[PDB]
Amino acid sequence: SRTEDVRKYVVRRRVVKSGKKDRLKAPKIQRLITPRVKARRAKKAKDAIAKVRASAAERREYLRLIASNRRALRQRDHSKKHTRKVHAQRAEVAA
Amino acid sequence: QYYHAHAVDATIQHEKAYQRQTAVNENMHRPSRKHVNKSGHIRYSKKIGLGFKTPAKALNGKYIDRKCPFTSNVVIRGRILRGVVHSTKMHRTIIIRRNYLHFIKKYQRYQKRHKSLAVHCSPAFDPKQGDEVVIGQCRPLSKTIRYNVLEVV
Amino acid sequence: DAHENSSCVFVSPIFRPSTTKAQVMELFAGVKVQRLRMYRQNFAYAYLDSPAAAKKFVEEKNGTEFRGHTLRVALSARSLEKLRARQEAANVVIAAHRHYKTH
Amino acid sequence: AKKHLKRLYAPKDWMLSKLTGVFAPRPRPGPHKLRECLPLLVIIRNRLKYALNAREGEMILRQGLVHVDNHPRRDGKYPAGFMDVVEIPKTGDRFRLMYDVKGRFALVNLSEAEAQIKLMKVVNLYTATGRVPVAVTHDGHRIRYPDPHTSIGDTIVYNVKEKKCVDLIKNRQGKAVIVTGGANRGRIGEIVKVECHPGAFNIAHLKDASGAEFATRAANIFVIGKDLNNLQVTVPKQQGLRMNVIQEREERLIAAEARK
Amino acid sequence: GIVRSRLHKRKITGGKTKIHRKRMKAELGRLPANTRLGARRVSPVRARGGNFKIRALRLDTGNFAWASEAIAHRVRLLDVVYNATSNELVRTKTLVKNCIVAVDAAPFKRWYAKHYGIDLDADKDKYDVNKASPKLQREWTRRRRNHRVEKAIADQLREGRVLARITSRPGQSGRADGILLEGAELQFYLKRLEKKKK
RNA sequence: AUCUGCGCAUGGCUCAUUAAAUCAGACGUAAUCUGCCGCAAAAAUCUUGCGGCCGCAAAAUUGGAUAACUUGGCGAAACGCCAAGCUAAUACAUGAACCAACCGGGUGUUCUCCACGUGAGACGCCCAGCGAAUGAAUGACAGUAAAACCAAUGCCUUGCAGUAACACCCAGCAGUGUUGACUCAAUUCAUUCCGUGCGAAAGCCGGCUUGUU
Ligand SMILES: [K+]
Ligand SMILES: [Mg+2]
Ligand SMILES: [Mg+2]
Ligand code: NA
């Protein structure tokens, strides 16, 4: 069943040699992912979303700078126009 | 009720396939005045660089030329040479001659030499044999043409 | 801060094409208003008699639902006396411009 | 696809003797061009003398002991060209690659807060997907959001540690520039005029500290400061001042005599 | 194999070029697709660089655009009616770029009815123009007050099939997209088609 | 050992061919392709496990092969070969909802208002990723001054001074790519992509402190 240890049921073959000691050979369990592997896999997605959010923040910074520069130019121009217009209206009042 | 469409120009439509510029759509009902000449038609005409003026015939003409540097995707790049018209017997193509003197070192004297070139002449120009022209290098338009006429002097 | 002492108030959202001046007035009932201005950006400016009343309106009308919309109310730094002074200045200029046209 | 590079075909500025071998380390593609780069093997063996041969150079490099622009490089064929900051933390080397008046590569020693700064000449500007303005520099960097006043030819001051731009120097008349290619390579002067030829190469005329006028194609200049005195980077010993050859010969002879 | 080099060509002087090298893979050519009108069938071709060209051997539908309305619809190709190169390319029903075809006008009629509230078929599954809400009716008059349609196009939509011009290369892209003929281009090609029938 | 990845298009050799050829200096490619390598970018994707399409939950516990090997071999041999049994991959195939944004286009005989429709606002549902195809639109301007009137629309107040734009939730979140030149970069809208594209390799290894971040 799921949630059951697999390493306990793996096939172990017996090698017998003259003298020496009995050897037990078991395969390396492939595709068996531990909690460490799960942490790595989740960290990948976390990093991806963090990078995309950081890029969006950088775009917001650049757009704010551009819009602020345009705003400053606009209100400088309008202040100069207001000064010219008020000088024009001063002459208009009382001929 | 119904949109009155433009008529077909019988003096331009002679090629058994409709002649049109591929940069603009002449069939749009409300053009945007970006590509509109003084006659109200839809013409694509770009400004090539190097301080070369777009001819008035290129701006307000009726001709269709897929290889004209002013009304097509042909760009001018590389060499800008100068020559005299030698032959005008092809269609939309002229032969120019570049006459120069080559210095022979041993005898310390020059000798006259020439180099014929096949050049594409847009309908915006009407050069005669012996006229003096400026040509700009473009991409291969045929097996011999690598230059386009930019101005007739 | 230039808003705490002021008697002007900003209230959003008020959709002029869907709300009448009297309909905004029934929301603004209970406090006397010198004038009420509605703008295309779906917001209104009101100018109350006293800064105390203007302040008391804000925390009691902030977050409440008006015409099915959650509503935000803030203290505005503009002043009705400044508006009246600017209109008084502009009226003579309007008259002078009208005379200049017929000159 | 060529993999080899003969010693005779190798650039002369590498200073590789023609009798030592037949081949030279071919620079791998990367930041700088093959003709305008100094490979890390050459830097670590023929310049710093840390490695007696290519084997020891490989043992040094494959450990990541040599950092170029705050990043360890394990390749001895890495280009590692102009304006690059090369630091060996184990020996604390910290030198920048520049040009001297003779046109040869020079290792200008740096300090802290100066090894963190690198100058980059903007060679291209284009809009990437999402309408993102990107500036491409002379070392292959692609700056994702440069200064709105950045234009092709201007230089930007880059913080290699923080990976951010800190200042922009426009390419205007009166600015201080160093010549990057040609016969005047390594010389430092101020722009007095830039003759513009549409369709062809622009010609920048420069004048150095001594007042000697010299010209070069506008693609060979590199802005390094707002004035000939206020430079934004440290330069080699000669300060980009070309000396008369006769005077240099007599001075060298006098110094050699004074030594003995 | 097939090559695209100028070595086999005679010089402008009339001389014969003496070839001193073998043919190269960087100058090769390939056999044409000869795309016909039929059920869709394509074959990939590994071009230089690893990319793929979809050599279409047969095509039946495609994306055809009403340019004056800035829209496009996927319709069936009913016929090919004119080729400038030769009439053998019309007999064999060969689909090439800039060839004139007849397509299905039902999607264009339906879009016209949905967008402007005008039913071409009515005056002579289908959309109902009387079902629309009166907010959409105000939408229709705003659109209708700037735009007028051509009688030549409207007549074709009523008939059920409308002439079109292929704007894509089927032997390279693998698809047959196009544009509806309008204006002087429609009147040019209609005259050629009348010459054939008489 | 054998799968897997990469290289083997370099180097070495020779000078037979070869005169609008080759080559040299000087230029192009805005007519193109480009693995390695540099600096970057990436919000498409209904998956999984449990109970009865639904419900409930979520560190996604994905699936078939097939070598080496073994067995029986064929062939005079052959940098020759069958057939059957194993068994993996960063080989091959498959596949990840939520978290998780901004922004647009089309609509509903949808409701709520307001006026008696260029109304407004919710709500529904249909699409809105990169790359590609076709079609429209951008990709600026730069050779003139004043009043009227009408319709709408902003304000001022209850007639136009004054007034970036914009009917809330963003009161400046691009009104501004590049070149000598572009049908180019990029953006938006319409419709399309059928393998002939697109994983977080469903990958590996370390540290520590030993961590469903
Ligand atoms: K292999
Ligand atoms: Mg036939
Ligand atoms: Mg070789
Ligand atoms: Na025909």
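Chains as they are written, first to last, in the working numbering: chain A, 7 to 101; chain B, 245 to 397; chain C, 27 to 129; chain D, 6 to 265; chain E, -10 to 187.
Backbone N, C-alpha and C define an ideal beta-carbon position, used for all residues, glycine too.
For residue j and residue i, believed in contact at Cβ under 8 Å, the rounded distance
i: residue 29(D); j: residue 39(D); result: So it is not a contact: roughly 11 Å between Cβ atoms.
i: residue 5(E); j: residue -1(E); result: 6 Å
i: residue 45(E); j: residue 53(E); result: No, residue 45(E) and residue 53(E) are not in contact; Cβ-Cβ is about 16 Å, not under 8 Å.
i: residue 174(E); j: residue 287(B); result: Not confirmed; about 16 Å, so no contact.
i: residue 138(E); j: residue 92(E); result: Not quite, the Cβ-Cβ distance comes to about 17 Å (not below 8 Å), so this is no contact.
CB of residue i within 7 Å of CB of residue j, strictly
i: residue 311(B); j: residue 258(B); result: no
i: residue 121(D); j: residue 82(D); result: no
i: residue 294(B); j: residue 35(D); result: no
i: residue 196(D); j: residue 175(D); result: no
i: residue 76(C); j: residue 34(C); result: no
i: residue 57(E); j: residue 273(B); result: yes
i: residue 124(D); j: residue 88(D); result: yes
i: residue 225(D); j: residue 186(D); result: yes
i: residue 368(B); j: residue 290(B); result: no
i: residue 252(B); j: residue 176(E); result: yes
i: residue 84(D); j: residue 37(D); result: yes
i: residue 394(B); j: residue 374(B); result: no
i: residue 64(C); j: residue 42(C); result: yes
i: residue 162(D); j: residue 171(D); result: yes
i: residue 313(B); j: residue 320(B); result: yes
Contact list for residue i against chain C, beta-carbon separation under 8 Å
i: residue 95(A); result: 119, 122, 123
i: residue 10(A); result: Near residue 10(A) there are no residues of chain C at all, since even the closest Cβ is about 53 Å away, more than 8 Å.
Beta-ladder partner(s) of residue i, from DSSP
i: residue 200(D); result: 208(D)
i: residue 65(C); result: 69(C)
i: residue 72(D); result: 77(D), 92(D)
i: residue 98(C); result: 38(C)
i: residue 32(E); result: 44(E)
i: residue 348(B); result: 353(B)
i: residue 358(B); result: 343(B)
i: residue 103(D); result: 111(D)
i: residue 227(D); result: 183(D)
i: residue 193(D); result: 183(D)
i: residue 160(D); result: 126(D), 174(D)
Distance cut-off 6 Å: residue i Cβ against heavy atoms of ligand 4
i: residue 139(D); result: no
i: residue 262(B); result: no
i: residue 79(E); result: yes
i: residue 23(E); result: no
i: residue 391(B); result: no
i: residue 72(E); result: yes
i: residue 76(E); result: yes
Residues that residue i contacts on chain D, provided the C-beta gap is smaller than 7 Å
i: residue 55(A); result: Residues of chain D passing the Cβ test: none, with the nearest at roughly 17 Å.
Listed by chain order, chain D residues near residue i by CB distance under 9 Å
i: residue 72(A); result: 153
Interface residues of chain B facing residue i [CB-CB closer than 9 Å]
i: residue 174(E); result: 252, 262, 264, 270, 271
i: residue 64(E); result: Going along chain B, no residue has its Cβ under 9 Å from residue 64(E), so there is no contact; the nearest lies around 19 Å.
i: residue 121(E); result: Within 9 Å Cβ-Cβ: nothing; residue 121(E) doesn't reach chain B, min ~22 Å.
i: residue 87(E); result: 261, 262
i: residue -2(E); result: 387
7 Å Cβ cut-off: residues of chain B touching residue i
i: residue 204(D); result: 293, 294
i: residue 1(E); result: 388
i: residue 140(E); result: 246
Check: residue i C-beta below 6 Å from any heavy atom of ligand 2
i: residue 156(E); result: no
Contact test: residue i Cβ vs ligand 5 heavy atom, cutoff 6 Å
i: residue 178(E); result: Ligands in the displayed structure: ligand 1, ligand 2, ligand 3 and ligand 4; ligand 5 is not one of them.
Contacts of residue i in chain C (Cβ-Cβ under 7 Å)
i: residue 99(A); result: 118, 119, 122
Neighbouring residues, chain B, relative to residue i (Cβ below 8 Å)
i: residue 178(E); result: 262
Neighbour list for residue i in chain A, Cβ cutoff strictly below 7 Å
i: residue 150(D); result: 64, 68
Within chain E, partners of residue i - CB distance below 8 Å
i: residue 267(B); result: Per Cβ cutoff of 8 Å: no residues; residue 267(B) is ~14 Å from chain E at best.
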